[PDB]
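Only one structure is covered here, and it is reproduced in the block below.
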Amino acid sequence: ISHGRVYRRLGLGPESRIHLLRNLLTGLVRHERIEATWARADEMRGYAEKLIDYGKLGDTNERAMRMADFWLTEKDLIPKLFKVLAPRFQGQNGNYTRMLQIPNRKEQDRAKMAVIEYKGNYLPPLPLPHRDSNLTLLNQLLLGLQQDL
Amino acid sequence: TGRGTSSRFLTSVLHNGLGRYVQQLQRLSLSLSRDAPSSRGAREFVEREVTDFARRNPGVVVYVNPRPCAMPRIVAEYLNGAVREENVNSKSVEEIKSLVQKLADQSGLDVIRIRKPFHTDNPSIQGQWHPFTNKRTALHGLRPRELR
Amino acid sequence: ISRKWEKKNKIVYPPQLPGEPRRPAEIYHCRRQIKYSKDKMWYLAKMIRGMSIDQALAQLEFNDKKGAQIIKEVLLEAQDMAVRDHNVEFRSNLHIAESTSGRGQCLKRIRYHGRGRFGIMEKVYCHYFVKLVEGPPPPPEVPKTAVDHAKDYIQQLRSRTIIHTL
Amino acid sequence: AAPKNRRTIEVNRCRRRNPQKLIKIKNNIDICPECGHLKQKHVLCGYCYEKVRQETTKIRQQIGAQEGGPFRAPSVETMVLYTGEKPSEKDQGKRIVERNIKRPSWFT
Amino acid sequence: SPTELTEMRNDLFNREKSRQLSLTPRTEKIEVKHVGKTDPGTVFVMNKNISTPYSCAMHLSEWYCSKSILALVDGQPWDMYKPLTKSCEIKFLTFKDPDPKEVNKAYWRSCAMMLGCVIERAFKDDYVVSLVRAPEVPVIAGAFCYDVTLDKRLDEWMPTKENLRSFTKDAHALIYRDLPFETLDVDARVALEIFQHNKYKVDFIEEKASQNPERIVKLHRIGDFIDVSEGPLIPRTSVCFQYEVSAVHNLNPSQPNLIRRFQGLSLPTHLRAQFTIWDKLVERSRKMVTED
Amino acid sequence: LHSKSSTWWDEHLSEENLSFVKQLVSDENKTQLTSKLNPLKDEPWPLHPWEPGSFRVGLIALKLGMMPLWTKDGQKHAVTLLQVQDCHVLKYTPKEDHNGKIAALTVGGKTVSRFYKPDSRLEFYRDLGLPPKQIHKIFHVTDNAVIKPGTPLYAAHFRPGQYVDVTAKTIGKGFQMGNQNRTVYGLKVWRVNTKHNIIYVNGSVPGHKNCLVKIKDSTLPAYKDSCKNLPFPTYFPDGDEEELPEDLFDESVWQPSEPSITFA
Amino acid sequence: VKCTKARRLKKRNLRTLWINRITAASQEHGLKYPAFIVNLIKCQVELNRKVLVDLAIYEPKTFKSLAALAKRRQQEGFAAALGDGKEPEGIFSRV
RNA sequence: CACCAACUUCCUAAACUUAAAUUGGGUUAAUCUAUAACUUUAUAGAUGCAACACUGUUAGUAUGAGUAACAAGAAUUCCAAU
Ligand SMILES: [Zn+2]
């Protein structure tokens with residue numbers, strides 16, 4: 001019975017979910033790339049995107065400062081969000097976080113693994129999929145159709 | 001047991017009796033011991049009745065090999081390839097004589113249940129019944145309900 | 001204990017005569033002592049029967065069961081000896097002819113309970129048998145069409161012999 | 001309640017050999033062009049990811065030594081530089097991580 | 001009768017094969033090093049003039065055999081089934097290569113050759129059909145074209161929609177039959193004799209012999225059918241998954257004989273197409289294709 | 001491996017071609033719909049007069065939602081919104097070949113994507129010249145009221161003041177249920193929007209929002225013959241004998257912008 | 001034991017099969033089974049039921065002639081009953 | 001105006017007349033010894049000499065059943081790290 005549900009049940013309670021999400025968000029900000037279970041990663045992706053908006057809002061915002069302090073346990077990160085993450089994403093209007101599927105852990109539980117990272121980071125690029133080139137026979141056939149049209 | 005046992009139909013080796021009767025038994029082998037209570041009846045049989053059987057049936061090869069043997073044995077081979085062995089351990093002269101006579105009369109044909117005691121290559125002479133038999137015809141071969 | 005599967009690998013055929021086709025290679029491999037249930041392992045064996053060497057290996061790589069990893073290891077060892085000792089030219093030219101698992105000697109222990117009860121503890125072991133035939137897996141069977149079924153039914157009717165009649 | 005009679009192997013065999021209970025084959029297997037190893041269509045390569053993950057630890061290890069303490073996350077952007085690469089003017093005012101290895105071909 | 005031509009044509013193909021086989025005595029080991037991007041540096045000792053690239057794919061894995069359509073021997077395109085000749089560097093070409101233009105042409109040529117086979121056997125033995133040539137058109141054109149000349153008796157006969165469907169059925173049967181593409185390089189003199197009856201084929205053979213210093217010409221045989229090829233062809237007919245005879249266009253200046261250019265489209269099993277996409281491609285493939 | 005592989009429409013489509021494919025699908029759908037806009041100009045089947053006992057075809061609509069409605073008497077009545085989308089006749093079944101009692105007509109609406117549909121469904125729709133529809137339903141229609149396949153159907157077929165019957169699948173409640181077809185009878189029609197083809201139906205309709213429903217004339221004994229004063233085969237915008245108002249209202253319905261109702 | 005029991009019933013079953021086939025054959029010629037047997041007995045014919053089936057299967061022409069004899073005796077039998085015994089025995093009824 | 005149906009009865013070959021404690025008589029599996037035999041036999045003399053059944057005793061292996069059942073706070077630069 002999970003019809004119309006918009007929230008995952010994680011941790012030992014709603015407070016634990018926030019704390020677990022809080023810990024995940026703090027770790028992601030520090031490292032900018034974290035590997036976690038797909039279900040948890042999907043839940044926290046929305047939170048990370050909204051956090052960047054709070055950084056964009058401005059340092060002087062009292063709500064952002066309170067929000068940043070609560071979500072980020074490590075206080076050294078608070079300057080980073082306003083001075084590193086927020087400046088980086090000023091051009092971007094969204095999609096700050098990139099989440100991709102990772103092979104399942106071979107730890108006898110076979111948990112679904114995914115990696116969530118902040119776009120524009122200095123970390124090495126992830127092995128992203130590359131779409132087929134237009135030089136392919138099917139694409140070339142479509143190219144001929146395009147020229148005729 | 002019949003469900004668990006094989007069966008055959010009536011048959012002849014090569015239509016043996018059509019032209020002339022041929023004896024299926026072709027070779028007899030006998031093993032005997034000089035000193036053995038089991039062979040006592042066989043011992044006397046060789047003395048008295050072996051010669052008579054050979055004269056009566058000179059077409060069967062008989063091998064008699066007295067040798068140190070625990071149990072005397074008789075082996076009979078038939079033309080069709082059937083080979084049968086009979087133990088002569090402690091059997092009397094009369095029993096031996098009857099057994100050999102039975103072996104000569106018997107054929108190599110397998111001894112199992114016969115489904116039919118009758119074999120014929122031309123069961124029908126006037127023709128086998130078929131549905132059209134005894135059905136009256138109509139003028140012009142008109143099929144039923146044909147207005148024509 | 002019996003180890004006849006290994007002896008099957010020690011069979012030496014007579015020299016092939018000039019008028020004889022090249023004999024296909026047959027390789028028997030087994031692991032006698034595995035800490036795994038034969039019944040659970042059989043499920044893996046049944047599916048892989050008749051598949052190619054590459055296809056079976058590919059499926060095993062993405063399998064979640066522990067037994068599947070063991071099967072792939074067993075398959076790799078069999079393949080290595082096949083080329084090394086059975087003069088196999090092409091590694092890819094192999095298929096799974098047979099795959100089955102057998103029971104192995106176990107260990108017996110008593111299972112304690114917190115409320116004074118006890119149980120029978122067993123450490124299960126099993127054997128795994130596979131025979132590999134050089135060449136691609138045989139083509140799959142084609143189900144009979146309606147026309148084929150009807151022809152056989154007519155043929156069966158003709159083959160009928162009259163029962164208990166002169 | 002206990003079983004009224006022993007279950008026959010034939011009955012048991014049919015239950016376990018029913019198609020529903022048998023292991024199904026998978027058709028989503030794919031090849032990794034980068035490493036040439038197998039992968040699923042919805043799953044990423046692992047042989048190359050092994051390089052990426054280990055390289056991240058090596059980069060992170062260099063970062064950890066440079067910081068030298070906890071709660072030392074900089075308030076300024078960070079960049080990674082490999083041997084043979086010299087900082088540019090745009091790199092000014094950014095944390096610089098120096099890697100003894102040369103720039104990896106995959107890393108740009 | 002056309003069957004008579006195939007019988008003698010097949011024999012000369014068989015005799016040529018035997019002569020080439022006899023030409024090479026014993027098995028000579030040639031060191032071929034793998035220059036392909038994947039698994040580079042592997043060296044196989046293979047039999048000269050016998051071993052084919054497909055054998056090497058078998059050595060490595062089944063994936064190589066399925067995904068390898070062509071081979072680059074010392075930087076030269078070689079057929080997957082063409083026996084190797086000497087120690088060289090070998091690389092495998094697949095349908096998904098970054099630049100499949102070379103691969104596309106081989107598929108383009110093979111499809112044209114297959115279409116030619118259908119035309120000759122599509123008609124009854126009573127009718128006389130002579131193939132002129134296979135025009136080379138870019139993949140961008142949207143259809144592969146084969147030119148054929150009919151007899152005067154067929155001047156007024158045009159295929160209907162059902163007739164076009166029948167041709168695809170014959171082509172589909174060939175794909176289902178999965179006949180490997182035989183490859184022979186033969187001198188012009190022998191090739192001219194094999195195709196002496198078809199004057200149009202005679203000139204095409206001469207052109208190929210003229211280009212190269214020798215008279216050797218590339219001959220490909222699909223079962224009984226034989227034809228010349230501009231370049232490497234597909235190893236087998238089973239590669240194609242979708243096949244269609246889009247349309248036939250009759251050349252206007254066709255007084256001595258009625259020259260028809262047939263339009264068709266084909267897709268390999270590796271590259272399947274959606275039903276809607278295929279329908280549009282077939283519609284776009286029914287237009288006359290000129291050579292530019 | 002020479003084995004079957006899983007494929008999707010986007011597997012082999014490049015980004016540049018993928019954008020072109022999306023535009024092409026929209027163009028193809030638009031062209032097909034425009035070609036079928038004029039049924040009367042497409043060799044329409046003979047038109048027959050109405051007689052007692054005739055049954056008209058029904059429509060398929062999407063459940064937009066509900067809103068409150070006020071009448072000139074001051075009473076407030078909640079009403080449900082139904083949208084008819086791309087309603088077209090697909091297949092006509094002869095009376096003998098379907099049921100001796102009456103003939104049947106197949107109508108489909110709510111065009112759907114062609115990417116994830118079987119080839120057989122696409123092949124049938126290609127012959128009909130229309131894009132595939134989400135749901136196929138069968139309507140019992142008398143011979144006199146039969147309409148040629150490919151005829152566009154509009155919400156104007158029904159008129160304000162007419163009672164109608166709606167049947168739809170009930171919402172599934174999971175293991176405990178639901179997901180079964182049910183019908184509600186005796187629902188009056190208050191207003192119809194021609195521009196958006198929206199019909200306002202009294203009462204509630206089974207099923208979730210955005211769910212397709214089947215609309216057909218009321219079968220109650222009282223409303224035995226209501227089609228005599230309505231478009232007998234259907235409403236044809238192609239004829240355009242008199243352009244209908246964008247919004248159709250029932251007499252009792254209090255239209256917006258009217259003076260405040262005083263119970264004098 | 002089942003095989004031993006089957007020995008007795010097997011013979012009875014075979015006799016039933018022979019009678020059934022005769023009845024089907026006799027009815028085709030229009031003669032009931034009891035009439036055919038009685039007429040044959042009156043004709044001093046001692047064929048067994050098994051042979052009677054055999055003649056019909058492989059000698060239909062002979063069986064028809066046999067049917068005529070039974071029918072002819074039946075006709076004479078009917079005549080004798082109608083005659084009440086005053087009339088002399090029929091030509092085919094002479095014993 | 002009958003047929004069918006029981007080994008009742010007849011017929012070919014044979015047979016010579018209907019339950020179970022108990023009672024009379026004739027054989028026999030296996031092992032050892034005496035004396036022989038010599039691919040496993042004979043005549044005597046002996047005996048821990050024959051098990052589809054005691055909720056029997058011991059061992060093995062099933063069935064229930066792959067069922068009941070059981071298990072580690074997070075991230076990372078790493079398990080005597082933060
Ligand atoms: Zn890789």
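A note on labels: chains of the structure tokens are A, B, ... as shown, every chain counts residues from 1, and ligands are counted from 1 in their shown order.
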
Residues of chain D within 10 Å of chain F, counting only C-alpha atoms - could you list those as a ChimeraX atom specification? /D:26-30,41

Would you write out those residues with C-alpha atoms, as a CSV table (one decimal), in the first residue's frame?
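part-v9.csv, freshly written:
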```csv
chain,number,residue,atom,x,y,z
D,26,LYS,CA,18.6,-12.4,-18.2
D,27,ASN,CA,18.7,-10.6,-21.6
D,28,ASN,CA,19.9,-7.2,-20.3
D,29,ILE,CA,23.6,-8.1,-20.4
D,30,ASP,CA,25.8,-5.5,-22.1
D,41,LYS,CA,22.1,-1.8,-19.8
```

Within 12 Å of residue 195 in chain E using only C-alpha atoms (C1' of nucleotides), minus same-chain residues under 3 positions, as a ChimeraX atom specification: /E:5-6,8-10,12-13,130-132,188-192,198-206,219,225-228

Find the spatial neighbours of residue 35 in chain A, counting only C-alpha atoms (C1' of nucleotides), within a cut-off of 8 Å - ignore same-chain residues fewer than 5 positions away - and output them as a VMD selection string. chain A and resid 113 to 116

When the cut-off is 6 Å and you count only C-alpha atoms (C1' of nucleotides) and all ligand atoms, which residues lie near ligand 1, shown as an mmCIF file with N, CA and C atoms, in the first residue's frame?
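Written file, selection.cif:
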```cif
data_model
loop_
_atom_site.group_PDB
_atom_site.id
_atom_site.type_symbol
_atom_site.label_atom_id
_atom_site.label_comp_id
_atom_site.auth_asym_id
_atom_site.auth_seq_id
_atom_site.Cartn_x
_atom_site.Cartn_y
_atom_site.Cartn_z
ATOM 1 N N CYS D 32 30.944 -3.279 -21.785
ATOM 2 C CA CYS D 32 31.504 -1.966 -21.499
ATOM 3 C C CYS D 32 32.512 -1.615 -22.584
ATOM 4 N N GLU D 34 34.515 0.884 -22.658
ATOM 5 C CA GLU D 34 35.725 1.445 -22.066
ATOM 6 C C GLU D 34 36.668 0.347 -21.591
ATOM 7 N N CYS D 35 36.153 -0.605 -20.811
ATOM 8 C CA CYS D 35 36.966 -1.695 -20.289
ATOM 9 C C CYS D 35 36.820 -2.988 -21.078
ATOM 10 N N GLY D 36 35.829 -3.085 -21.961
ATOM 11 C CA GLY D 36 35.586 -4.327 -22.663
ATOM 12 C C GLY D 36 34.980 -5.421 -21.817
ATOM 13 N N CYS D 45 29.823 0.574 -15.848
ATOM 14 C CA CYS D 45 31.014 -0.262 -15.859
ATOM 15 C C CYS D 45 31.716 -0.200 -14.507
ATOM 16 N N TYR D 47 35.100 -1.995 -14.069
ATOM 17 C CA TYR D 47 36.548 -2.062 -14.242
ATOM 18 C C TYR D 47 37.146 -0.665 -14.353
ATOM 19 N N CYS D 48 36.499 0.218 -15.116
ATOM 20 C CA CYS D 48 36.942 1.605 -15.185
ATOM 21 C C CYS D 48 36.577 2.366 -13.918
#
```

Could you list the residues in chain E lying within 12 Å of chain C, using only C-alpha atoms, and format the result as a VMD selection string? chain E and resid 44 to 46 54 to 66

Backbone DSSP call of strand (DSSP E or B) for range 11-74 of chain F, listed as a short mmCIF file (atom, residue, chain, number, x, y, z; two decimals) with N, CA and C atoms, in the first residue's frame:
```cif
data_model
loop_
_atom_site.label_atom_id
_atom_site.label_comp_id
_atom_site.auth_asym_id
_atom_site.auth_seq_id
_atom_site.Cartn_x
_atom_site.Cartn_y
_atom_site.Cartn_z
N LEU F 59 -19.66 8.24 -26.51
CA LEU F 59 -18.35 8.88 -26.57
C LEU F 59 -17.50 8.44 -25.38
N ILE F 60 -16.19 8.62 -25.53
CA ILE F 60 -15.22 8.36 -24.48
C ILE F 60 -14.63 9.70 -24.05
N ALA F 61 -14.61 9.94 -22.75
CA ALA F 61 -14.16 11.22 -22.21
C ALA F 61 -13.23 10.99 -21.03
N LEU F 62 -12.44 12.01 -20.73
CA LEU F 62 -11.50 12.00 -19.62
C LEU F 62 -12.08 12.77 -18.44
N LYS F 63 -11.85 12.26 -17.23
CA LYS F 63 -12.39 12.85 -16.01
C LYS F 63 -11.48 13.98 -15.57
N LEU F 64 -11.85 15.22 -15.90
CA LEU F 64 -11.04 16.37 -15.54
C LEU F 64 -11.13 16.66 -14.04
N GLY F 65 -12.34 16.64 -13.50
CA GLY F 65 -12.53 16.96 -12.09
C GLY F 65 -13.96 17.39 -11.84
N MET F 66 -14.15 18.04 -10.69
CA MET F 66 -15.46 18.49 -10.25
C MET F 66 -15.40 19.95 -9.84
N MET F 67 -16.55 20.61 -9.88
CA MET F 67 -16.66 22.01 -9.47
C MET F 67 -18.11 22.26 -9.06
N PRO F 68 -18.35 23.30 -8.26
CA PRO F 68 -19.72 23.61 -7.85
C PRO F 68 -20.46 24.43 -8.90
N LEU F 69 -21.76 24.19 -9.00
CA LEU F 69 -22.63 24.89 -9.94
C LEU F 69 -23.86 25.40 -9.22
N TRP F 70 -24.29 26.60 -9.58
CA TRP F 70 -25.48 27.23 -9.02
C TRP F 70 -26.57 27.32 -10.07
N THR F 71 -27.82 27.14 -9.64
CA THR F 71 -28.98 27.25 -10.51
C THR F 71 -29.71 28.56 -10.25
#
```

Distance-based interface of chain C with chain B, 9 Å, counting only C-alpha atoms, as number ranges by chain: C: 164-166

At most 12 Å to chain H: residues in chain B, only C-alpha atoms (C1' of nucleotides), as a PyMOL selection string: chain B and resi 33-40+67-72+87-90

Based on the selection just made, write N, CA and C atoms of those residues as a tab-separated table (two decimals), in the first residue's frame.
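New file result.tsv:
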```
chain	number	residue	atom	x	y	z
B	33	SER	N	31.78	-86.97	-14.64
B	33	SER	CA	32.87	-87.20	-13.70
B	33	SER	C	32.98	-88.69	-13.41
B	34	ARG	N	34.22	-89.18	-13.34
B	34	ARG	CA	34.44	-90.60	-13.08
B	34	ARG	C	33.84	-91.02	-11.74
B	35	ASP	N	34.04	-90.20	-10.71
B	35	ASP	CA	33.59	-90.51	-9.35
B	35	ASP	C	32.79	-89.32	-8.83
B	36	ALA	N	31.46	-89.43	-8.90
B	36	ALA	CA	30.58	-88.38	-8.40
B	36	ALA	C	29.18	-88.94	-8.18
B	37	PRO	N	28.61	-88.84	-6.98
B	37	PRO	CA	27.24	-89.33	-6.78
B	37	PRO	C	26.23	-88.66	-7.69
B	38	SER	N	26.42	-87.37	-7.99
B	38	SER	CA	25.47	-86.66	-8.83
B	38	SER	C	25.40	-87.25	-10.23
B	39	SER	N	26.52	-87.76	-10.74
B	39	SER	CA	26.60	-88.25	-12.11
B	39	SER	C	26.28	-89.74	-12.23
B	40	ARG	N	25.89	-90.39	-11.13
B	40	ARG	CA	25.66	-91.84	-11.18
B	40	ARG	C	24.62	-92.19	-12.24
B	67	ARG	N	35.27	-85.83	-17.15
B	67	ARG	CA	36.29	-84.95	-16.59
B	67	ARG	C	35.98	-84.73	-15.12
B	68	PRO	N	36.97	-84.33	-14.32
B	68	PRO	CA	36.67	-83.96	-12.94
B	68	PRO	C	35.75	-82.75	-12.89
B	69	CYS	N	34.51	-82.96	-12.46
B	69	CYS	CA	33.48	-81.94	-12.54
B	69	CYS	C	32.57	-82.04	-11.32
B	70	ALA	N	32.23	-80.89	-10.75
B	70	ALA	CA	31.38	-80.88	-9.56
B	70	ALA	C	29.94	-81.26	-9.91
B	71	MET	N	29.41	-80.70	-10.99
B	71	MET	CA	28.02	-80.93	-11.38
B	71	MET	C	27.99	-81.26	-12.87
B	72	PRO	N	27.54	-82.46	-13.27
B	72	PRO	CA	27.43	-82.75	-14.70
B	72	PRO	C	26.38	-81.87	-15.36
B	87	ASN	N	21.31	-78.97	-16.09
B	87	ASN	CA	22.16	-79.61	-15.09
B	87	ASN	C	21.71	-81.05	-14.87
B	88	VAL	N	22.66	-81.97	-14.88
B	88	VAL	CA	22.39	-83.39	-14.68
B	88	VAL	C	22.71	-83.81	-13.25
B	89	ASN	N	22.84	-82.85	-12.33
B	89	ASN	CA	23.23	-83.16	-10.96
B	89	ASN	C	22.22	-84.10	-10.31
B	90	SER	N	22.68	-85.30	-9.97
B	90	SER	CA	21.89	-86.26	-9.21
B	90	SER	C	20.52	-86.51	-9.85
```

At most 12 Å to chain G: residues in chain B, only C-alpha atoms, as an mmCIF file with N, CA, C and O atoms, in the first residue's frame:
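To be explicit, this is the file written out as result-v7.cif:
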```
data_model
loop_
_atom_site.group_PDB
_atom_site.id
_atom_site.type_symbol
_atom_site.label_atom_id
_atom_site.label_comp_id
_atom_site.auth_asym_id
_atom_site.auth_seq_id
_atom_site.Cartn_x
_atom_site.Cartn_y
_atom_site.Cartn_z
ATOM 1 N N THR B 1 0.875 -60.706 -14.333
ATOM 2 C CA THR B 1 2.143 -61.215 -14.839
ATOM 3 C C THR B 1 2.226 -61.038 -16.350
ATOM 4 O O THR B 1 3.283 -60.710 -16.890
ATOM 5 N N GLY B 2 1.099 -61.256 -17.028
ATOM 6 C CA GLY B 2 1.057 -61.016 -18.461
ATOM 7 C C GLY B 2 1.391 -59.581 -18.816
ATOM 8 O O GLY B 2 2.084 -59.320 -19.802
ATOM 9 N N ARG B 3 0.906 -58.629 -18.014
ATOM 10 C CA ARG B 3 1.295 -57.238 -18.216
ATOM 11 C C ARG B 3 2.788 -57.049 -17.994
ATOM 12 O O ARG B 3 3.413 -56.210 -18.653
ATOM 13 N N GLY B 4 3.373 -57.813 -17.079
ATOM 14 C CA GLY B 4 4.792 -57.779 -16.803
ATOM 15 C C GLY B 4 5.610 -58.780 -17.587
ATOM 16 O O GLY B 4 6.807 -58.926 -17.320
ATOM 17 N N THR B 5 5.005 -59.477 -18.547
ATOM 18 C CA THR B 5 5.683 -60.509 -19.317
ATOM 19 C C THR B 5 5.426 -60.290 -20.801
ATOM 20 O O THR B 5 4.391 -59.746 -21.195
ATOM 21 N N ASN B 122 -3.371 -66.043 -45.702
ATOM 22 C CA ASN B 122 -4.509 -65.683 -46.547
ATOM 23 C C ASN B 122 -5.791 -65.887 -45.752
ATOM 24 O O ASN B 122 -6.584 -66.792 -46.040
ATOM 25 N N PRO B 123 -6.025 -65.058 -44.733
ATOM 26 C CA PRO B 123 -7.229 -65.243 -43.907
ATOM 27 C C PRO B 123 -8.527 -65.117 -44.686
ATOM 28 O O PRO B 123 -9.518 -65.763 -44.322
ATOM 29 N N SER B 124 -8.556 -64.310 -45.742
ATOM 30 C CA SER B 124 -9.771 -64.048 -46.502
ATOM 31 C C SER B 124 -9.696 -64.714 -47.870
ATOM 32 O O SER B 124 -8.653 -64.687 -48.530
ATOM 33 N N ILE B 125 -10.814 -65.314 -48.287
ATOM 34 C CA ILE B 125 -10.950 -65.901 -49.611
ATOM 35 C C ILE B 125 -12.017 -65.192 -50.435
ATOM 36 O O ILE B 125 -11.825 -64.952 -51.632
ATOM 37 N N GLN B 126 -13.146 -64.847 -49.818
ATOM 38 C CA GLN B 126 -14.234 -64.159 -50.498
ATOM 39 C C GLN B 126 -14.166 -62.647 -50.338
ATOM 40 O O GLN B 126 -15.040 -61.944 -50.854
ATOM 41 N N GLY B 127 -13.158 -62.133 -49.638
ATOM 42 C CA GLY B 127 -13.027 -60.705 -49.430
ATOM 43 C C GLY B 127 -13.474 -60.285 -48.045
ATOM 44 O O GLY B 127 -14.470 -60.795 -47.524
ATOM 45 N N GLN B 128 -12.742 -59.354 -47.440
ATOM 46 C CA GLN B 128 -13.077 -58.876 -46.108
ATOM 47 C C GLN B 128 -14.266 -57.926 -46.166
ATOM 48 O O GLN B 128 -14.406 -57.138 -47.105
ATOM 49 N N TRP B 129 -15.125 -58.008 -45.153
ATOM 50 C CA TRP B 129 -16.302 -57.153 -45.103
ATOM 51 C C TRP B 129 -15.887 -55.692 -44.990
ATOM 52 O O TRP B 129 -14.995 -55.342 -44.212
ATOM 53 N N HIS B 130 -16.539 -54.841 -45.770
ATOM 54 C CA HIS B 130 -16.393 -53.398 -45.688
ATOM 55 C C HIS B 130 -17.775 -52.768 -45.693
ATOM 56 O O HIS B 130 -18.753 -53.399 -46.109
ATOM 57 N N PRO B 131 -17.895 -51.521 -45.229
ATOM 58 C CA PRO B 131 -19.240 -50.940 -45.059
ATOM 59 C C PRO B 131 -20.078 -50.959 -46.324
ATOM 60 O O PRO B 131 -21.296 -51.166 -46.249
ATOM 61 N N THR B 133 -20.325 -53.181 -48.445
ATOM 62 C CA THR B 133 -20.929 -54.493 -48.633
ATOM 63 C C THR B 133 -22.383 -54.475 -48.183
ATOM 64 O O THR B 133 -22.716 -53.906 -47.139
ATOM 65 N N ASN B 134 -23.251 -55.091 -48.984
ATOM 66 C CA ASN B 134 -24.670 -55.264 -48.693
ATOM 67 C C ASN B 134 -25.454 -53.963 -48.774
ATOM 68 O O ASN B 134 -26.602 -53.912 -48.315
ATOM 69 N N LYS B 135 -24.876 -52.909 -49.344
ATOM 70 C CA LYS B 135 -25.559 -51.633 -49.508
ATOM 71 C C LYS B 135 -26.095 -51.549 -50.932
ATOM 72 O O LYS B 135 -25.330 -51.660 -51.896
#
```

Skip range 154-164 of chain E itself and residues of its chain fewer than 4 positions away, then list as a ChimeraX atom specification all residues within 12 Å of it, counting only C-alpha atoms (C1' of nucleotides). /E:118-119,122-123,126-129,149-150,168-171,243-252,254-260,262-264,286

Nearby residues (only C-alpha atoms (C1' of nucleotides)) at most 12 Å from residue 82 in chain H, same-chain spacing under 3 positions excluded, as a PyMOL selection string: (chain D and resi 64+68-71) or (chain H and resi 75-78)

Export of prior selection with C-alpha atoms (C1' of nucleotides) as a PDB file, in the first residue's frame:
```
ATOM      1  CA  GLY D  64      43.401  15.413   3.645  1.00  0.00           C
ATOM      2  CA  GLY D  68      45.876  18.881   8.147  1.00  0.00           C
ATOM      3  CA  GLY D  69      42.891  19.161  10.480  1.00  0.00           C
ATOM      4  CA  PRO D  70      39.164  18.575  10.915  1.00  0.00           C
ATOM      5  CA  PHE D  71      36.625  21.314  10.224  1.00  0.00           C
TER       6      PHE D  71
ATOM      7  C1'   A H  75      29.754   9.775   5.694  1.00  0.00           C
ATOM      8  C1'   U H  76      34.809   9.655   4.318  1.00  0.00           C
ATOM      9  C1'   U H  77      40.746  10.589   3.177  1.00  0.00           C
ATOM     10  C1'   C H  78      39.866   4.352   6.462  1.00  0.00           C
TER      11        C H  78
END
```

Contacts of residue 119 in chain C within 10 Å, only C-alpha atoms (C1' of nucleotides), excl. fewer than 5 positions in-chain, as a list in words: residues 109, 110, 111, 112 and 113 of chain C

Env of residue 6 in chain H: 12 Å cut, atoms = only C-alpha atoms (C1' of nucleotides), seq-sep filter 3 positions within chain, self excluded. Answer as an MDAnalysis selection string. (chainID G and resid 8:9 12) or (chainID H and resid 9)

Can I get the selected residues back with N, CA, C and O atoms (P, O5', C5', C4', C3', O3' and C1' of nucleotides), as a PDB file, in the first residue's frame?
```
ATOM      1  N   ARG G   8     -10.401 -67.506 -15.629  1.00  0.00           N
ATOM      2  CA  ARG G   8     -11.780 -67.970 -15.763  1.00  0.00           C
ATOM      3  C   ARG G   8     -12.632 -66.964 -16.525  1.00  0.00           C
ATOM      4  O   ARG G   8     -13.346 -67.326 -17.467  1.00  0.00           O
ATOM      5  N   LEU G   9     -12.569 -65.689 -16.133  1.00  0.00           N
ATOM      6  CA  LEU G   9     -13.418 -64.684 -16.765  1.00  0.00           C
ATOM      7  C   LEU G   9     -12.988 -64.401 -18.198  1.00  0.00           C
ATOM      8  O   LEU G   9     -13.816 -63.993 -19.022  1.00  0.00           O
ATOM      9  N   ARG G  12     -14.992 -66.482 -20.629  1.00  0.00           N
ATOM     10  CA  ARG G  12     -16.369 -66.011 -20.721  1.00  0.00           C
ATOM     11  C   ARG G  12     -16.456 -64.722 -21.526  1.00  0.00           C
ATOM     12  O   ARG G  12     -17.371 -64.549 -22.341  1.00  0.00           O
TER      13      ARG G  12
ATOM     14  P     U H   9     -19.403 -80.406 -11.557  1.00  0.00           P
ATOM     15  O5'   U H   9     -20.254 -80.917 -12.803  1.00  0.00           O
ATOM     16  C5'   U H   9     -21.360 -81.790 -12.627  1.00  0.00           C
ATOM     17  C4'   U H   9     -22.096 -82.020 -13.923  1.00  0.00           C
ATOM     18  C3'   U H   9     -21.238 -82.416 -15.115  1.00  0.00           C
ATOM     19  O3'   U H   9     -20.906 -83.793 -15.128  1.00  0.00           O
ATOM     20  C1'   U H   9     -22.729 -80.703 -15.759  1.00  0.00           C
TER      21        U H   9
END
```
